[PDB]
There are 4 protein chains.
Amino acid sequence: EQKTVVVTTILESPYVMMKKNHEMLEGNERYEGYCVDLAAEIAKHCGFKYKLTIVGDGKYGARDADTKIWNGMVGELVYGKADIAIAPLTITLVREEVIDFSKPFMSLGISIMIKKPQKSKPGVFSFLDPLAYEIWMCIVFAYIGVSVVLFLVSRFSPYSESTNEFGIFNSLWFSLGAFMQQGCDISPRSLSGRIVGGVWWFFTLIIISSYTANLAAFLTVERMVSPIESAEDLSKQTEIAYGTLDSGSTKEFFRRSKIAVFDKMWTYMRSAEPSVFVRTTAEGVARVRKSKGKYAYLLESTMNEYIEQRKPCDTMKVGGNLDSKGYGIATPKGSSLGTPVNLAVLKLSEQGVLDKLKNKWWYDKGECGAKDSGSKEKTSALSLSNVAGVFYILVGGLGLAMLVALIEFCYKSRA
Amino acid sequence: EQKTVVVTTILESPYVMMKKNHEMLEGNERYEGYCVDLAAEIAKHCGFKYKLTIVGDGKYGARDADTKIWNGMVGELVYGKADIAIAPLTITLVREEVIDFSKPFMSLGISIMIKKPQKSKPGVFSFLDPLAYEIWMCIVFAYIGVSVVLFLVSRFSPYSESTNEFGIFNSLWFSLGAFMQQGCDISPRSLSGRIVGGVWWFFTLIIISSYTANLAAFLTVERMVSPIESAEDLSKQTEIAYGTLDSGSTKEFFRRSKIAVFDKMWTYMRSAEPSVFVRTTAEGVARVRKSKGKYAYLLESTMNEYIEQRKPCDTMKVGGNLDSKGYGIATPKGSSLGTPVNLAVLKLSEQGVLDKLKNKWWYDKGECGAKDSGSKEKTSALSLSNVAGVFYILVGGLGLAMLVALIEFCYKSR
Amino acid sequence: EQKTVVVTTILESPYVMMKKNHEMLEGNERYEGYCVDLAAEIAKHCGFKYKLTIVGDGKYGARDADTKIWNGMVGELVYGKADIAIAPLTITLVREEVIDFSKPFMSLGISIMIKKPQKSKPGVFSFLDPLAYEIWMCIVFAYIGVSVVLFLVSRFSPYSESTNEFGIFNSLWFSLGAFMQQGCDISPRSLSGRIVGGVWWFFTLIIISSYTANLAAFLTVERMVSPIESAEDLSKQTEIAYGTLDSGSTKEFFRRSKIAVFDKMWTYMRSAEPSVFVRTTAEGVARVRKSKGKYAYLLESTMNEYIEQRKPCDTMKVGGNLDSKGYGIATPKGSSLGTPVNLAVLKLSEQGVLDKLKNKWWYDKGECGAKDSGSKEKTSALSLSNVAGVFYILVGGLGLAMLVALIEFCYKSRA
Amino acid sequence: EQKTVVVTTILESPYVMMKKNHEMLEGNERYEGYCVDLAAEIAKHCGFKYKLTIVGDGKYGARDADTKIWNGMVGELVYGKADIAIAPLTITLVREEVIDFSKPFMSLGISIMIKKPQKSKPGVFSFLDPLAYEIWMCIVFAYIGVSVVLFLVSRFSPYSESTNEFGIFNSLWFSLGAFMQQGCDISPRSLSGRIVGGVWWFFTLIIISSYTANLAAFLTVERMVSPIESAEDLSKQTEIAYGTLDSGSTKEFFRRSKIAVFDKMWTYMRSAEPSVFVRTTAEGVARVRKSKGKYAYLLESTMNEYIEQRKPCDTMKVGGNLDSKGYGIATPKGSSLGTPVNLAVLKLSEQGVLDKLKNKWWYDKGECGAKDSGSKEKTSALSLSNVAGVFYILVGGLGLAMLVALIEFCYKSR
Ligand SMILES: N[C@@H](CCC(=O)O)C(=O)O
Ligand SMILES: N[C@@H](CCC(=O)O)C(=O)O
Ligand SMILES: N[C@@H](CCC(=O)O)C(=O)O
Ligand SMILES: N[C@@H](CCC(=O)O)C(=O)O
């Protein structure tokens with residue numbers, strides 16, 4: 001052995017994660033993840049020891065403005081602080097000119113991530129929502145007064161007061177049957193009473209119509225929600241905001257491309273304020289979760305499709321991949337080990353362990369059941385929950401009437 | 001000029017804007033006069049130092065009557081206190097008399113701006129809206145006629161008369177209960193009466209279904225409708241006062257205008273009470289936003305559009321352009337600089353840099369861009385104020401209902 | 001002297017029009033219009049003899065790139081067959097370099113033009129349209145059958161047929177009461193009759209709801225028509241095609257300006273086939289009038305304002321002016337007439353005689369001005385006409401029942 | 001001294017187009033398109049002389065079985081008919097090892113294409129649809145319970161036998177007459193009975209209002225049917241058939257892909273009985289359009305998005321595409337032409353000129369703006385089919401109703 005090769009790597013799940021008790025372990029053993037396995041396979045096949053090292057400045061890095069200095073992991077490769085890079089370093093021309101890459105071993109595209117919109121489980125009494133509290137309260141008050149006036153008018157000295165059935169209790173019973181439009185078994189005969197009947201009928205006719213119309217409009221508006229799709233709406237949408245990782249090559253791609261859609265996006269991202277960019281993936285996704293709908297995030301599809309299956313399961317992909325790129329193992333210019341590394345990559349590809357490792361690492365952590373897949377878009381049908389409440393009132397009424405009849409029996413058996 | 005010039009300029013947000021560090025920036029670097037420094041191409045060719053200098057009077061300037069004294073920009077040019085102006089100033093013959101002008105770099109016109117309309121409170125009797133007056137009337141006459149005809153045939157000589165309930169009072173009662181979809185105990189029991197009952201039921205079914213459908217449509221889609229649209233409306237104006245900027249050449253234009261509609265407008269604005277004119281852009285803006293429903297302000301369309309995208313997005317252009325005029329460079333008569341700089345404007349129009357000059361200010365600040373019907377806030381509950389009218393009718397009817405009973409009681413007292 | 005200067009002009013209303021008796025008249029009096037009047041003021045100020053001449057090739061003309069031979073009126077002015085031109089020749093830089101122009105005497109803007117949307121005249125029976133013919137037919141049969149079956153089953157012997165009131169006529173009367181949801185005076189007694197009643201009730205309950213829902217939808221859709229406004233979204237609309245005059249200045253404007261919306265307009269004008277372009281203003285207007293709704297036209301606003309006020313009145317302005325331009329008297333390079341002509345124009349402008357002409361040729365010619373004022377038809381409410389039909393049925397029913405009572409009298413009166 | 005080369009190409013409609021003067025022109029003039037002007041630009045940079053020819057086999061063509069002797073388009077290179085290929089051909093290692101390939105000029109991947117869905121014939125019982133299934137049972141059980149409780153409370157010794165009319169049969173009849181608003185023959189005389197009578201009315205009012213509202217919502221903004229969410233479903237179902245273009249590189253990709261779903265799909269298509277593979281793009285299109293969506297076709301998405309715009313717009317992409325692959329120029333081993341064109345491809349790749357070509361050959365050909373619903377349909381009346389179901393129920397009810405009377409009469413025949 002000549003020397004242990006110094007390897008640079010940057011923390012991102014599931015490529016690299018801290019071990020449960022890494023502070024107790026050896027420097028190489030401190031880490032666990034996809035890249036730890038791939039590095040051990042390279043170490044086996046190429047036959048040399050290695051030292052895992054975290055990137056000190058913690059970013060992939062790009063050309064510095066107006067200085068042409070390189071920072072990040074790329075910086076560590078060109079200024080000789082380390083010998084080989086095993087990390088999600090993406091291949092693009094502007095860095096190919098100064099560092100060398102192996103053959104690609106994984107494929108990816110750009111993706112968009114948003115919060116899941118809502119969980120709108122209907123309330124036990126949502127059916128009242130069209131009319132609001134005040135109207136119901138005033139309807140209740142009017143109900144009483146109508147019966148009281150009808151009764152008082154109906155019973156007075158004909159100066160023969162017994163010649164009508166409109167007692168107090170019947171004077172209540174009539175208004176309720178009137179209000180539900182169920183008709184009645186009796187009719188008032190006085191001029192005053194006929195006036196009262198007319199006006200209560202008109203009141204009913206207005207109210208029921210207004211309620212039905214408003215409810216129809218309410219359900220119709222919901223149908224046209226039309227959520228954002230295919231990333232095209234973000235060309236014109238402006239209530240939403242979006243941004244990307246800093247110093248990543250997503251940013252270079254957006255500011256360098258000239259396709260009118262992505263040119264418009266870059267114009268937005270360079271003019272939108274305050275700064276939409278974010279310095280780490282973890283707090284970027286935390287920013288999306290906090291914004292609870294208003295801020296979207298752009299990221300590599302591999303990472304997006306890792307996250308949405310994790311425990312919180314509160315976010316999802318939208319749209320397809322916008323382009324295509326690949327990952328590669330990287331090494332300094334003219335490093336003689338680089339071609340052995342390419343051979344190792346080719347052999348591990350042919351042996352299919354690149355499949356083995358991915359099938360190990362992604363699906364086991366996919367503990368979310370992926371329920372509510374969207375394969376049944378409500379079928380427009382009005383579910384029982386939306387009106388459930390109404391049955392409770394009916395059942396309670398019938399339950400009450402039993403007790404009423406029982407006390408009526410106990411009365412009639414002793415009065 | 002002494003190989004040096006002080007370029008007359010005015011702070012107007014679409015064309016010249018103060019930099020933040022204005023306490024310490026000085027010279028042209030206090031601003032971003034990209035609207036000028038391309039026309040300074042000939043200033044580059046001649047190499048003379050140019051200072052973008054604030055116009056001393058802070059205004060477009062004017063020419064007095066009688067004395068013909070020239071104010072602000074105009075004064076300082078004609079008095080030789082300044083030498084060249086690249087200010088956003090209107091081409092007009094009254095100024096061509098004493099100064100000369102380049103080819104205009106862009107064209108614009110008179111525009112009119114009002115406070116953006118907003119939904120008002122519902123009327124107490126707004127529950128009537130879906131059917132309009134005529135139908136609400138005709139229903140009544142139909143009801144009367146139907147009751148009378150039901151009465152008549154129901155009291156044909158039975159062979160003894162009055163062998164049925166159907167008196168005129170009872171006939172009105174029956175027809176009223178039948179319209180409202182309520183339990184009516186008595187029955188025609190006879191061919192002509194049954195015929196009358198049928199059609200009346202059909203009629204009431206159709207009316208009710210129409211009303212509910214139309215209201216449902218009404219509550220889904222809203223349109224505020226602007227109250228005015230044209231200069232003709234401004235000639236038929238009820239209360240909304242209007243006037244141009246003071247010292248603005250549009251005012252002189254109105255004084256000059258001979259066409260009968262504009263002459264009537266001018267004579268009104270002359271005969272309107274004082275403080276009908278305003279002296280500054282900010283004053284007009286503040287007056288318009290203060291004028292919830294009382295005043296309207298006239299300004300150039302380019303400023304109107306430049307404001308419309310600012311915050312708050314609560315003002316709007318209405319109507320078309322009233323005329324057309326150019327904006328251009330102005331200079332004292334016969335200046336050795338004013339002649340060749342016209343070549344700059346020409347060749348820059350050929351280069352088409354005018355498009356960049358526009359975009360950099362009107363479109364880079366698009367900000368408050370397109371809003372449309374895509375998604376809406378929840379319609380929310382129907383408020384109590386929107387149907388309140390109905391309750392008053394009910395309580396009024398009940399309150400009335402007692403009096404008839406009391407008078408009946410007193411009537412039968414002897 | 002002056003050798004009878006020749007003036008070129010192109011026929012276009014209202015600038016120049018044929019005299020109705022031009023078949024036999026001679027001289028400049030053979031014409032009428034704005035321009036032939038204005039020629040008299042030029043002759044007044046210059047004091048020369050002149051002749052009107054019709055443009056042979058009938059178009060204003062353009063560079064005709066790749067051959068670079070001018071044509072039209074401009075052709076006649078540059079190749080020396082025309083001494084001076086007085087016509088709606090607009091001033092543009094590509095012309096000023098070949099020919100001189102005077103000071104502008106009138107101002108113009110470009111405008112869009114469209115057909116009126118035809119008014120939705122109500123029908124005498126428009127109220128039936130929600131429910132389609134076949135259902136209206138079949139309801140009658142269902143009614144008849146139900147009534148007959150109810151009668152037959154009601155009056156079959158219970159083991160005695162006098163025990164129920166459900167005679168044939170009463171059986172016909174029950175069902176009509178039931179359909180309109182207006183209750184009834186009597187109820188079927190037997191099990192079979194109760195079954196029939198329940199069935200008919202369910203049927204009517206479905207029908208009435210379906211009718212109301214459909215009608216509400218039908219009205220709602222009408223509201224959101226949202227017709228083309230400001231006409232710039234013709235850059236986004238594609239169902240409606242639009243043309244432009246050939247060899248006119250408008251045809252140059254869309255190639256020569258380079259604002260993005262006009263770029264895509266010009267791209268459309270390039271690609272659309274059959275060609276949107278047209279040879280003469282009259283037949284372009286004819287194209288718009290016949291190809292109602294789906295076709296549109298671009299023209300100078302002065303000409304549009306002339307057209308839309310004429311008696312056919314079937315077309316209108318839309319949107320504002322796009323830019324600003326003017327017309328001037330024109331003359332060859334170095335012609336001595338040019339400056340005298342400019343002085344004449346200046347004098348007539350200051351003397352306001354330009355208006356003294358214009359007023360005669362537009363304000364008197366307009367004879368259509370009907371616009372909604374004071375109140376508006378379109379606002380919200382249903383017209384009487386929309387439900388007119390219903391009142392006729394009611395009136396006819398009441399009118400019919402009189403004759404029934406009269407024949408009832410005629411029967412009994414000789415018993 | 002002089003030298004020329006022969007080129008292979010294929011008439012793929014977005015990439016190469018037959019010029020109308022197809023009778024007698026040369027291949028360097030017969031054709032236009034993305035491949036044609038790409039080749040012209042390449043020859044502009046590299047300077048070499050060439051002649052265009054169609055691939056003589058006219059197809060991609062399959063590998064020779066068990067020998068892999070190359071197809072026409074590759075053989076014309078390997079067997080010296082041509083020296084350079086510029087065609088929509090997939091980059092793959094099974095080809096790269098035999099011939100060299102340029103840097104890819106585009107990145108693309110497989111997608112499904114299916115027939116655009118259309119309105120189906122309405123179901124005979126579609127009148128049920130708005131109120132959902134479970135509710136209908138609850139209504140029935142509530143009706144029964146209400147009738148029983150009414151009867152019991154009506155008859156549990158209200159003080160006794162014969163004191164009231166409310167038999168159990170009559171109680172059920174009352175319950176039914178109260179729901180569907182109609183004539184009420186009798187009424188509860190007692191408090192408990194009136195309580196029972198009350199709430200049922202409120203319940204029926206709510207139910208009816210809800211149904212009629214929702215149906216009206218349904219008939220505006222239809223937005224219906226989505227038969228396939230992704231090829232996942234296509235792997236779960238078996239009714240709709242599918243397959244790739246024959247000899248296509250998709251077939252080789254599936255032949256060796258280790259993903260369980262794709263391996264299942266491969267084993268199925270290999271095991272599929274009828275002719276699932278098609279030889280030409282035209283065949284795949286015609287087969288899909290014919291099959292009314294019962295067959296689905298796999299292709300590279302860059303064709304799919306082009307065909308989508310070629311009217312009629314009756315085909316659509318679904319799913320977010322499958323994978324990523326490159327298209328590039330190819331060159332046989334040892335050919336000197338290889339690197340001097342590869343450097344030109346690199347030049348074009350870095351200069352971005354390809355974006356002009358993409359605009360010229362895809363986006364300038366965009367026509368089908370009906371995607372955005374640029375025109376608004378107009379509603380139509382309900383057909384008899386859309387409600388026909390209820391009539392059968394009515395007639396069946398009457399038919400049943402007649403039989404009871406006869407059996408009753410026969411029962412009372414002794
Ligand atoms: N780490 C990626 C970028 C990741 C991202 O921006 O989402 C790169 O090397 O560019
Ligand atoms: N811009 C105008 C002032 C505003 C106005 O005329 O109303 C001018 O140059 O005088
Ligand atoms: N004669 C007009 C024609 C206007 C047009 O049709 O565009 C001109 O000078 O261009
Ligand atoms: N014809 C291309 C693509 C076919 C496919 O998509 O499988 C090739 O075989 O290279």
# chains A, B, ... in the order shown; residues from 1 in each chain; ligands from 1
>>> residues_around(residues="region 311-315 of chain B", least_positions_apart="6", cutoff="10 Å", atoms="only C-alpha atoms", output="ChimeraX atom specification")
/B:113-118,285,288-289,304-305,367-369
>>> residues_around(residues="residue 216 (chain C)", least_positions_apart="2", cutoff="10 Å", atoms="only C-alpha atoms", output="ChimeraX atom specification")
/A:213,216 /B:209-218 /C:130,211-214,218-221 /D:213,216-217,219-220
>>> write_last_selection(atoms="N, CA and C atoms", output="PDB file, in the first residue's frame")
ATOM      1  N   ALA A 213     -80.283  27.825  -3.880  1.00  0.00           N
ATOM      2  CA  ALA A 213     -79.427  28.460  -4.877  1.00  0.00           C
ATOM      3  C   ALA A 213     -78.014  28.619  -4.350  1.00  0.00           C
ATOM      4  N   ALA A 216     -76.045  25.345  -4.229  1.00  0.00           N
ATOM      5  CA  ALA A 216     -75.604  24.910  -5.551  1.00  0.00           C
ATOM      6  C   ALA A 216     -74.377  25.690  -5.992  1.00  0.00           C
TER       7      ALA A 216
ATOM      8  N   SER B 209     -89.543  27.691 -10.335  1.00  0.00           N
ATOM      9  CA  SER B 209     -88.313  27.102 -10.852  1.00  0.00           C
ATOM     10  C   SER B 209     -87.436  28.147 -11.529  1.00  0.00           C
ATOM     11  N   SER B 210     -88.045  29.077 -12.265  1.00  0.00           N
ATOM     12  CA  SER B 210     -87.235  30.095 -12.921  1.00  0.00           C
ATOM     13  C   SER B 210     -86.505  30.956 -11.908  1.00  0.00           C
ATOM     14  N   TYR B 211     -87.212  31.413 -10.877  1.00  0.00           N
ATOM     15  CA  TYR B 211     -86.562  32.299  -9.915  1.00  0.00           C
ATOM     16  C   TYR B 211     -85.352  31.620  -9.284  1.00  0.00           C
ATOM     17  N   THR B 212     -85.541  30.415  -8.747  1.00  0.00           N
ATOM     18  CA  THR B 212     -84.416  29.781  -8.065  1.00  0.00           C
ATOM     19  C   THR B 212     -83.241  29.549  -9.005  1.00  0.00           C
ATOM     20  N   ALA B 213     -83.505  29.137 -10.249  1.00  0.00           N
ATOM     21  CA  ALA B 213     -82.396  28.907 -11.169  1.00  0.00           C
ATOM     22  C   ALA B 213     -81.610  30.185 -11.395  1.00  0.00           C
ATOM     23  N   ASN B 214     -82.314  31.282 -11.649  1.00  0.00           N
ATOM     24  CA  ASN B 214     -81.602  32.500 -11.997  1.00  0.00           C
ATOM     25  C   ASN B 214     -80.763  32.994 -10.831  1.00  0.00           C
ATOM     26  N   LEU B 215     -81.309  32.977  -9.613  1.00  0.00           N
ATOM     27  CA  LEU B 215     -80.496  33.385  -8.466  1.00  0.00           C
ATOM     28  C   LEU B 215     -79.257  32.512  -8.315  1.00  0.00           C
ATOM     29  N   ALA B 216     -79.389  31.209  -8.574  1.00  0.00           N
ATOM     30  CA  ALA B 216     -78.214  30.347  -8.493  1.00  0.00           C
ATOM     31  C   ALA B 216     -77.146  30.808  -9.469  1.00  0.00           C
ATOM     32  N   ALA B 217     -77.541  31.109 -10.701  1.00  0.00           N
ATOM     33  CA  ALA B 217     -76.559  31.643 -11.639  1.00  0.00           C
ATOM     34  C   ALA B 217     -75.957  32.946 -11.134  1.00  0.00           C
ATOM     35  N   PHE B 218     -76.797  33.841 -10.620  1.00  0.00           N
ATOM     36  CA  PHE B 218     -76.338  35.154 -10.172  1.00  0.00           C
ATOM     37  C   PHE B 218     -75.243  35.058  -9.114  1.00  0.00           C
TER      38      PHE B 218
ATOM     39  N   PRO C 130     -85.214  23.747 -21.899  1.00  0.00           N
ATOM     40  CA  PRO C 130     -84.399  22.875 -21.042  1.00  0.00           C
ATOM     41  C   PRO C 130     -84.710  21.394 -21.120  1.00  0.00           C
ATOM     42  N   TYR C 211     -85.412  19.353 -14.164  1.00  0.00           N
ATOM     43  CA  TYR C 211     -85.678  20.569 -14.928  1.00  0.00           C
ATOM     44  C   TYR C 211     -85.013  21.789 -14.308  1.00  0.00           C
ATOM     45  N   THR C 212     -85.206  21.998 -13.003  1.00  0.00           N
ATOM     46  CA  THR C 212     -84.631  23.193 -12.387  1.00  0.00           C
ATOM     47  C   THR C 212     -83.115  23.214 -12.502  1.00  0.00           C
ATOM     48  N   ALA C 213     -82.464  22.089 -12.204  1.00  0.00           N
ATOM     49  CA  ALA C 213     -81.006  22.072 -12.243  1.00  0.00           C
ATOM     50  C   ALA C 213     -80.501  22.429 -13.630  1.00  0.00           C
ATOM     51  N   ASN C 214     -81.094  21.819 -14.655  1.00  0.00           N
ATOM     52  CA  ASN C 214     -80.595  22.063 -15.996  1.00  0.00           C
ATOM     53  C   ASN C 214     -80.780  23.517 -16.378  1.00  0.00           C
ATOM     54  N   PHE C 218     -78.003  26.225 -17.617  1.00  0.00           N
ATOM     55  CA  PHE C 218     -78.160  26.868 -18.914  1.00  0.00           C
ATOM     56  C   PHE C 218     -77.997  28.379 -18.803  1.00  0.00           C
ATOM     57  N   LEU C 219     -78.638  29.000 -17.808  1.00  0.00           N
ATOM     58  CA  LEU C 219     -78.417  30.433 -17.610  1.00  0.00           C
ATOM     59  C   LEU C 219     -76.983  30.730 -17.199  1.00  0.00           C
ATOM     60  N   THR C 220     -76.399  29.907 -16.324  1.00  0.00           N
ATOM     61  CA  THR C 220     -75.077  30.236 -15.803  1.00  0.00           C
ATOM     62  C   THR C 220     -74.059  30.313 -16.921  1.00  0.00           C
ATOM     63  N   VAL C 221     -74.064  29.324 -17.815  1.00  0.00           N
ATOM     64  CA  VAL C 221     -73.060  29.310 -18.879  1.00  0.00           C
ATOM     65  C   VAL C 221     -73.125  30.604 -19.681  1.00  0.00           C
TER      66      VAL C 221
ATOM     67  N   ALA D 213     -79.362  20.781  -5.761  1.00  0.00           N
ATOM     68  CA  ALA D 213     -78.177  21.623  -5.909  1.00  0.00           C
ATOM     69  C   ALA D 213     -77.069  20.868  -6.622  1.00  0.00           C
ATOM     70  N   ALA D 216     -77.265  20.318 -10.470  1.00  0.00           N
ATOM     71  CA  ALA D 216     -76.944  21.503 -11.253  1.00  0.00           C
ATOM     72  C   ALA D 216     -75.447  21.741 -11.277  1.00  0.00           C
ATOM     73  N   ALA D 217     -74.772  21.525 -10.153  1.00  0.00           N
ATOM     74  CA  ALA D 217     -73.316  21.603 -10.206  1.00  0.00           C
ATOM     75  C   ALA D 217     -72.757  20.657 -11.260  1.00  0.00           C
ATOM     76  N   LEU D 219     -73.843  19.484 -14.127  1.00  0.00           N
ATOM     77  CA  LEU D 219     -74.021  19.747 -15.552  1.00  0.00           C
ATOM     78  C   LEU D 219     -73.236  20.943 -16.055  1.00  0.00           C
ATOM     79  N   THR D 220     -72.495  21.621 -15.193  1.00  0.00           N
ATOM     80  CA  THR D 220     -71.580  22.675 -15.595  1.00  0.00           C
ATOM     81  C   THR D 220     -70.181  22.251 -15.189  1.00  0.00           C
TER      82      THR D 220
END
>>> select_by_dssp(residues="region 37-239 of chain D", states="strand (DSSP E or B)", output="MDAnalysis selection string")
chainID D and resid 50:54 84:85 90 100:101 106:108 110:115
>>> calpha_fit_rmsd(fixed="chain B", moving="chain D")
1.5 Å
>>> interface_residues(of="chain B", to="chain C", cutoff="7 Å", atoms="only C-alpha atoms", output="mmCIF file with C-alpha atoms, in the first residue's frame")
data_model
loop_
_atom_site.group_PDB
_atom_site.id
_atom_site.type_symbol
_atom_site.label_atom_id
_atom_site.label_comp_id
_atom_site.auth_asym_id
_atom_site.auth_seq_id
_atom_site.Cartn_x
_atom_site.Cartn_y
_atom_site.Cartn_z
ATOM 1 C CA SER B 107 -46.318 58.794 -29.010
ATOM 2 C CA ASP B 129 -83.705 41.557 -8.222
ATOM 3 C CA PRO B 130 -84.096 38.397 -10.382
ATOM 4 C CA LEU B 131 -87.525 39.133 -11.939
ATOM 5 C CA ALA B 132 -87.647 42.918 -12.611
ATOM 6 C CA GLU B 134 -92.987 44.006 -14.970
ATOM 7 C CA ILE B 135 -93.356 40.365 -13.941
ATOM 8 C CA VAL B 153 -118.508 29.860 -12.528
ATOM 9 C CA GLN B 181 -97.913 25.504 -2.768
ATOM 10 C CA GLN B 182 -99.932 25.014 0.424
ATOM 11 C CA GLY B 183 -102.722 22.782 1.662
ATOM 12 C CA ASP B 185 -108.969 22.251 1.958
ATOM 13 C CA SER B 187 -111.974 21.745 -3.845
ATOM 14 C CA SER B 192 -114.646 24.637 -14.905
ATOM 15 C CA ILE B 195 -109.752 23.377 -15.214
ATOM 16 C CA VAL B 196 -108.918 26.635 -13.464
ATOM 17 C CA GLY B 198 -104.842 22.890 -13.149
ATOM 18 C CA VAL B 199 -103.402 25.732 -15.162
ATOM 19 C CA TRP B 200 -102.835 27.797 -12.025
ATOM 20 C CA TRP B 201 -100.722 25.017 -10.562
ATOM 21 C CA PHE B 202 -98.708 24.741 -13.779
ATOM 22 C CA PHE B 203 -98.056 28.498 -13.775
ATOM 23 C CA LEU B 205 -94.471 25.642 -10.833
ATOM 24 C CA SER B 209 -88.313 27.102 -10.852
ATOM 25 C CA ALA B 213 -82.396 28.907 -11.169
ATOM 26 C CA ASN B 214 -81.602 32.500 -11.997
ATOM 27 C CA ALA B 216 -78.214 30.347 -8.493
ATOM 28 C CA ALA B 217 -76.559 31.643 -11.639
ATOM 29 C CA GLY B 320 -59.889 54.995 -25.121
ATOM 30 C CA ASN B 321 -57.208 57.549 -25.893
ATOM 31 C CA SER B 324 -52.268 61.676 -29.875
#
>>> residues_near_ligand(ligand="ligand 2", cutoff="7 Å", atoms="only C-alpha atoms and all ligand atoms", output="count of residues only")
13
